[PDB]
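The block underneath contains the structure these notes are about, expressed in structure tokens.
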Amino acid sequence: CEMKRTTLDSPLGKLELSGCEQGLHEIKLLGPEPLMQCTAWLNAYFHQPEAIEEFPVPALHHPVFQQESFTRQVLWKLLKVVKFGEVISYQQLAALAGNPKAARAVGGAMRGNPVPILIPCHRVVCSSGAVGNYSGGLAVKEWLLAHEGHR
DNA sequence: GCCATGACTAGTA
DNA sequence: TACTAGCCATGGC
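Here the first sequence stands for residues 5 to 35, 56 to 175, where the numbers follow the entry's author numbering.
This is how it looks when you write it as structure tokens:
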């Protein structure tokens, strides 16, 4: 567990994904088995979504996944039930994560998301139809949804 | 733990 | 559409 940095180029620009050999700690969209394993998935999602499940998801070494919380399930459930292309409501996820009367929490849960794109906090959307917000600029949410096949 | 937060909502004018 | 009065697991201290 040393936590080193490996940057990479994506159609969204460079994106620094840090982490130790125990797992992936982060993956920031700026303007060591795990990391290089995550690196593969990323290039796969991007230039080869035709079979993104053909690629193993790395280990998530980060305080949010180590303990047991709502934010936990919400994130865990976000990448296990919301597949490539699919879209889901803040609330609808809160259902998956147990407490359905807690969508607003699924929000703080989403911002708490360290591994975007890997854990698609972008497929998440306001029930009102409006494709809500995103930490790394709403622009990115557009492209992503878009690339997944949206208009 | 209590009290303030904010990437949510369904309801109402 | 535009404001709102519930509903929430966090974070702070």
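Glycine included, every Cβ here is placed at the ideal spot set by N, Cα and C.
Is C145 near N137, with beta carbons less than 9 Å apart? Against the first sequence, residue 145 aligns to sequence position 121. Against the first sequence, residue 137 aligns to sequence position 113. Yes; because the gap between Cβ atoms is below 9 Å, this pair is in contact.
Would you tell me roughly how many angstroms separate the C-alpha atoms of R96 and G161, rounded to the nearest one? For the purposes of this step, residue 96 is identified with residue 72 of the first sequence, where counting begins at 1. For the purposes of this step, residue 161 is identified with residue 137 of the first sequence, where counting begins at 1. Taking the straight line joining both Cα atoms gives about 24 Å.
Decide if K165 is buried, meaning its Cβ has at least 16 other Cβ atoms within 10 Å, or exposed. Mapped onto the first sequence, residue 165 falls at position 141. Buried, by the Cβ-count rule.
Measure from the alpha carbon of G17 to the alpha carbon of each residue in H29, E6, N67, then state which is nearest. Counting from 1 along the first sequence, the entry for residue 17 is found at position 13. With distances taken between Cα atoms, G17 lies closest to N67.
In DSSP terms, what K8 is bridged to: Start at 1 with the first residue of the first sequence, and residue 8 comes out as number 4. Note: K8 sits in a beta bridge opposite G23.
How about the segment 97-108 and the segment 121-135: do they share at least three Cβ pairs that are nearer than 8 Å? yes
Identify whether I112 lies in helix, strand or coil by the three-state DSSP scheme. Here residue 112 is taken as the residue at index 88 of the first sequence, counted from 1. Of the three classes helix, strand and coil, the one that applies to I112 here is strand, per DSSP.
So, are the CB atoms of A83 and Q26 less than 9 Å apart? Here residue 83 is taken as the residue at index 59 of the first sequence, counted from 1. Here residue 26 is taken as the residue at index 22 of the first sequence, counted from 1. For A83 and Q26, yes; Cβs fall inside 9 Å.
Quick check: what's the CA-CA separation for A64 versus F79? For the purposes of this step, residue 64 is taken as residue 40 along the first sequence, with counting starting at 1. For the purposes of this step, residue 79 is taken as residue 55 along the first sequence, with counting starting at 1. Distance between the alpha carbons of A64 and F79: 8 Å.
What is the DSSP secondary structure of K101, counted as helix, strand or coil? Within the first sequence, numbered from 1, the residue matching residue 101 stands at position 77. Looking at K101 - three-state DSSP - the assignment turns out to be helix.
Taking C-beta to C-beta, are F70 and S22 nearer than 9 Å? The residue given as residue 70 occupies position 46 in the first sequence. The residue given as residue 22 occupies position 18 in the first sequence. Taking 9 Å as the Cβ cut-off, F70 and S22 do not qualify as a contacting pair.
Here's a check: name, in chain order, each residue in its chain whose Cβ is nearer than 7 Å to the Cβ of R147, leaving out the five neighbours to either side. Taking the first residue of the first sequence as position 1, residue 147 is located at position 123. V106, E110, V111, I112, listed in sequence order.
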